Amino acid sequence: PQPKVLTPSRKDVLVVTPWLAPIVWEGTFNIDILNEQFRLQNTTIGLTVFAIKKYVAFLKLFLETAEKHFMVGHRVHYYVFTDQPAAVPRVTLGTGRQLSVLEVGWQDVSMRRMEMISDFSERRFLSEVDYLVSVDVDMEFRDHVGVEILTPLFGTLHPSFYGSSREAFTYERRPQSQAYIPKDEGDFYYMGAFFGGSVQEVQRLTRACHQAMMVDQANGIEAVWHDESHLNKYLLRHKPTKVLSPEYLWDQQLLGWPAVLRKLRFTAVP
């Protein structure tokens, strides 16, 4: 189809940020063009997920549905971080897709995701993949999540806050925290449950967030929303090159199916 210059791709939502990063909604991309571009580079995507304690029960539906909807036709390597490696379900994968189990050994728990993704992103990952994506396990894919998301650095608009003014955002507001964001600053509220980028940019974001959380621990402070607060401070200073709409992170029981969402792609399990 010919793009039409004098017809907006969307009339109801912002599709580009003020620093010229695309905000990814249905209707803004031609997946066949993008699929070609990324297949020409033999793109490999690493997906990291933590499944700790009773959350290992969510892995079966998470993986089954990732096989139906996540990066189908591209190279995918899943990295499952778990305290129960023997409890990872044996899900059959499509060609070009592999899964590795990485065993994990309260503020240390809070720092775990950034610390562990940082250590891992400098090892295995760094050889094994082009992009890394971090998501939570208590979720299911219901629709396409593909190479439209890939870029050097991305965050995802939090589904509770996309229509909120910045004063309402639940940033860390105590100047004593490394995650501090003043009341007059901030572009969006990004959710900790879906972020990613190139392996280099994920190394940088996770090192910065881990090192920031350690400084806060030394000072006796825990940011209001833990590594999400540090994610938002990082993405305020280092602006993402794409932003995913809440199509990519939704809770239907909580929030229904608003008119602005043409697809619910990755959703909370109720």
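The first residue of the shown sequence is 1; numbering continues from there.
- Gaps at residue 91 occur in none of the other compared entries of the protein that contain both adjacent residues, all of which model it rather than a third dropping it.
- In all of the other compared structures of this protein with flanking residues present, residue 128 is modelled, so it falls below the one-third mark for missing coordinates.
- The gap between residue 105 and residue 106 holds 4 to 9 unmodelled residues of the deposited sequence.
- The PDB entry reports B-factors from which the mean C-alpha value can be compared for 43-51 and 217-225; the larger average falls on 217-225.
- Checked against the record, the higher mean CA B factor of 52-60 and 237-245 lies with 52-60.
- Highest CA B-factor among the listed residues (174, 158, 75, 142): 174.
- Of the residues listed, 14, 255, 260, 21, the entry assigns the biggest Cα temperature factor to 260.
- In the deposited entry, the Cα temperature factor of residue 130 sits in the middle third of values across the chain's modelled residues.
- The entry lists a Cα temperature factor for residue 148 that places it in the lowest third of the chain's modelled residues.
- When the CA B factors of the chain's modelled residues are split into thirds, the value for residue 180 lands in the highest one.
- Placement of the Cα temperature factor of residue 96 within the chain: lowest third of the modelled residues, per the deposited record.
- Among all modelled residues in this chain, the alpha-carbon of residue 71 has a temperature factor (C-alpha) in the lowest third.
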